[PDB]
Structures are given as C-alpha cells and as structure tokens.
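First comes one chain, alone, set out as structure tokens in the form deposited in one PDB entry.
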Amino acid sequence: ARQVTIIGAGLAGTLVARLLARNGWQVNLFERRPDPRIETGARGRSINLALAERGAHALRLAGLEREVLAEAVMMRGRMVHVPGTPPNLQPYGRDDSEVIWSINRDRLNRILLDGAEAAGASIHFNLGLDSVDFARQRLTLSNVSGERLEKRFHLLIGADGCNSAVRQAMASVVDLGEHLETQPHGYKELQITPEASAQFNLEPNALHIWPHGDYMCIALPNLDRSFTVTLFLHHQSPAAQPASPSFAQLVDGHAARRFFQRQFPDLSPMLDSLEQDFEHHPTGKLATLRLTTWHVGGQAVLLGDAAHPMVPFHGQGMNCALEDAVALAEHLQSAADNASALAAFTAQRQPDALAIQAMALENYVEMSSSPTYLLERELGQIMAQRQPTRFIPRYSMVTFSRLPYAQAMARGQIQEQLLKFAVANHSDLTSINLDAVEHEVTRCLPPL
C-alpha cells in the first residue's frame, strides 16, 4: 500500500485524504487546529462559503454531496441593494438547477473529516508542521506549546492553506518563482440575526450585494435565517484620496456604526451587533500568490490555497481547491510513479489556477460597480437563447460547468469583446442587429 502524509485537514486536504484512503493508500493527515467535531463550551461563529458546480461535483465523486447539500441554502441570484430603489434580483442561471449553495464552513469541514476517517485515513490534530528535511525525508511538527514530534514521510501533500508551511519548506530547497500581488481591501465579518433579517424582509435564497465602488458589503444566508455580512474596504486611504474610506479611519465600533449609517443606510439597521462584531472580529487580509512550481520531484506537492491563494470575489477558492483534490487523487492513483503524478497534476492545474485568479480579480468591479452592464447582459441572454452551445456567459461557465477555467476565461474574453462591440455606437437594444451579433458568435465561438 502506497503511503502519503497530508498537512492540513481543511477542505482540499480532507477530500484528497478520503479519495486516496478509499483507493487503499495509507493516509496520515496532520492538522494544527483541534478537532472541530470535539464539542467544547467555546462560543464560535458561523462563516459561510458559496459552493458551486466544481465543488459540488468533487463532493459528488466522494459520495458526500447529499450530506453537504442537506444543510446548504440555495442562492438563486444576486440581490443588489442601492438606497432609494427596491432590491433587484439578478438570477444566476436559467432555472433552479443553476444555483449556488451557501454552506457553513465548519459543518462542511466536519462532514469531510468524518468522510476521510470512514475511508480509512488517520487524522492527527493539534500538530502544526514547522519544518521539512527533504534529504532525510523527515518532518517536524509541534503543538501550540512547541512540544516537537518528528515523523518520517514518503509523499508530502501541502493542503495547509494560504500561509502554507509546506510551501515555506519547499521554497528553501527549490526556487518556487513566487509572485505576490497584495490586495488593498481588508475584510470584516458582521452578523444579521434571524429576527432582524425577517423584520427587514431580507431574501434568504439569494447572495446579497450593497455595492459602493471602492468598497462593498455582501451577505450570505444561513439555514436559521441569520446572515454573515462581509465588508470589503481598503486597509488604508491612498495618497491621491486621503479622505476616502478605509479601516485605518474606523478607530472603533462607534466609528464603524457612523460609516454604515452614512454609506450603507438600508444595511446598518439590520446589524444589531455591528459595534461588537467590528471590534472583536479581526480584519482579514487578501492577496493573489502565483507560483511557477508547485512540487519538489516526487516528494512534495501543493494544492488549494497552499498552491494558489486568490482574492474571494468569485467565490471559487474552495471550489477550485476541491477540484484540485480530485485531480491530484486521480494523477496519484494512476501514474507510473509519484514524480510523474506531481509533474502531470501541476501541468494540468497551473493554467486553470492562473485563469481563476485573474477572473476573481476582475469580478470585484462587476460586483461593486450600471445601465450599460445590464444592456450587455440583456444582449448576452438573447445570444445565450439563440446559441446555447456557443454563447455561455462567463459567470455560468465558471460557476455551473466544469469547463477548464482557462477555456472559460478565453471564451469569456471573446464574448465580452463581441458584447462591447455590438453595444457600441447604439443608444438602445432595438437599434442593434441581432442576426449580425449571432453571426460573429458562429464565426469566433466554436460549439461545446
């Protein structure tokens, strides 16, 4: 039986642990945190993620989709909130088969842990990887107190997140060609209780957006009708705009309240614990990190956030990590040896990770910033109706299909260009020749 050591019992790590263990690999999974399935008296908080077709299909292959969806809230569309006008629902797809799912991250992680164990993987909690000795094939782990434990390894999988200790250890034996692109927005999580969301008629089956240009709020629903609100706002005000809003300007919860009352007036009354949430929840950091190399021979490989940290504006990080887990398990199971498997996995996934990193950055402007956008979406829906095998909106290709991200981006660019060309030199949708637009669709978009 082939052996594997996995670092990080997160989303990618647990899924790959289940896929390999059920194929008869001897799997040992090391996690820095305590086991979340061990109930304590700690007062934790609900953070949700949007599960889309790539993540759902990965869970489906693993036999866990039904269990995960049983506690997921359907999000049919984008509910855009602008003060003065009623909230506008922009459906994501053609029917209720084309939806995204709001899932509690802790619940998903617990289902995945149970799944990896049921398949035969051994999970070891309260052990954080500190260092790897590649030449001696040993690694060093420790608990929070720094008590060390050394282990031998044969194959090392770094599924240890955006601040990966496996990636740090690899970067010492090989130049990973790491390129970091910091993102100016920080993020803060705030809560809407079930009573408040019901009082203010906040739609549970939608992903909510309060656009505001350089900053915005989003809200994802929970099963109990509470919502997690995420504020995206610059850490610091730029030199050109010193008066522009930023986290640096919000000294306390009371300052955050004044900011919401002024900039998000329809949202502030729903946030009862705004002051406390603001002061007690830390401001998170965002970034895009691109690596030239994801593996060291046949000894170690990275996947998920460990391999490709991305900005969260497409809700695709977990979806991409679960898709990586499937690809990695497939390559490892069927290759001639581990070195061939790692080289083939990296060659396959690197162009796709780059495409989703680029599309995630582009989706920020789409969410936070229009009459022309709605006219291009209008013409795009007509083109999707006339040619459903050639014209598939980029959001639908990313979210509802398993088309490689790089192909979704490439086809998306052709579509963006033709929509922009047709909506140019025309005031209304009635002056645009639809048959002419349909002709460049047939000329430049091959069918799928």
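In case it trips you up, residue 1 is the first one in the sequence shown, and so on. In this text, the rigid core denotes the largest set of C-alpha atoms whose superposition between the two forms falls within 1.5 Å.
One more form of this protein, deposited in another entry, exists but is not displayed; see below.
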- prompt: Fit the core first: which of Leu379, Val68, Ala50, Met397 then shifts its CA by 2 Å or more between the shown form and the other one?
  reply: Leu379
field: Yes/no, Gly84 Cα shift of 2 Å or more between the shown form and the other one with rigid core fixed
entry: no
query: Comparing between the shown form and the other one on the rigid core: C-alpha of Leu419 shifted by 2 Å or more?
result: yes
query: Can we say the CA of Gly146 moves by at least 2 Å between the shown form and the other one when the core is superposed?
result: yes
query: Closer or farther: the CA pair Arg43/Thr14 in that other deposited form, versus this form, with a change of 3 Å or more?
result: closer
- line: in that other deposited form the CA atoms of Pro83 and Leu375, compared with here and shifted by at least 3 Å, lie farther
